[PDB]
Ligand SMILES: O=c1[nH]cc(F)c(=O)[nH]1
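Given as structure tokens, the chain that follows is alone and in the form deposited without the ligand.
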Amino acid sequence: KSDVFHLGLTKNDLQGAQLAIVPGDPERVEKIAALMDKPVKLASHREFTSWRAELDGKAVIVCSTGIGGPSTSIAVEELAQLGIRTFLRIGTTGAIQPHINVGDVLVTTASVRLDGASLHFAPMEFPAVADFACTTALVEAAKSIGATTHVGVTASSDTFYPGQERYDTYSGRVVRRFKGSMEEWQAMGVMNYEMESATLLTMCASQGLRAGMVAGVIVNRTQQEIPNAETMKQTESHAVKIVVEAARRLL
């Protein structure tokens, strides 16, 4: 049975859940659910892996979005059809400000829309802005957990490579629009790049759904020393603790 086309879920599967935590990576879903009570796997189809658990006695969904606005737009739409009204994205990210360190946590107030899917919900003039209650819950959760936290604007790119002005690529070329762009965002105070928030925040803010976004910084584009696949996992766990603690305040 499925009430929706991609996720393979029914309303019954949600057990009344109205909040979903939405990481990008299917493999992180089980790990996040493990911070809560009585987690159980619901489904796995394409990049959409879903689990249900209990937070302070209330059902909550954890469901992966895959990379990018398009897959995110599917997961969010179908979760909304199923009854979800609040979405918390938990991600990993690359900071672009020299003063933001690996291990820091970033809470996004709004995003630069360097994506395409957001435009399928609202014209570019519309802000990709987070819900105030969600953002508040994330900031407060960061204080409860104890973290070095920055709150601000994130650049949300449809690509990992040229849209984040990476030159270490097959072509070594960046299209005109994005040449010099990282320095421009840096000067405008943008904290970081990631790949799903513009779509998530725009589609929710324009349809009466609540969304928030938190990420752990696993690399800094300005520093020469690159952490290993050890320190980066610790950072992940930190931000994950925060998103679950934030969810508790939103039930």
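Residues that one form lacks are left out of the comparison. For clarity, a rigid core is taken as the largest C-alpha set superposing within 1.5 Å between two forms. From 1 onward, residues are counted along the sequence shown.
Beyond the structure shown, there is the form solved in complex with the ligand, which is absent from this document and is the topic of what follows.
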| property | result |
| --- | --- |
| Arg166, heavy atom within 4.5 angstroms of the ligand in the bound PDB entry | yes |
| Non-hydrogen atom contact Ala43 with the ligand in the bound PDB entry at 4.5 angstroms | no |
| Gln81, heavy atom within 4.5 angstroms of the ligand in the bound PDB entry | no |
| The ligand contact at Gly94 in the bound PDB entry, heavy atom, 4.5 Å | yes |
| Answer range among 179 to 187, 193 to 201, 51 to 59, 29 to 37 for contact with the ligand, defined in the bound PDB entry as heavy atoms within 4.5 Å | 193 to 201 |
| The ligand in the bound PDB entry reached by all of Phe160, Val219 and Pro227, non-hydrogen atom within 4.5 Å | yes |
| Shifted regions of at least three residues between the shown form and the other one, judged by C-alpha displacement of 2 Å or more after core alignment | 223 to 229 |
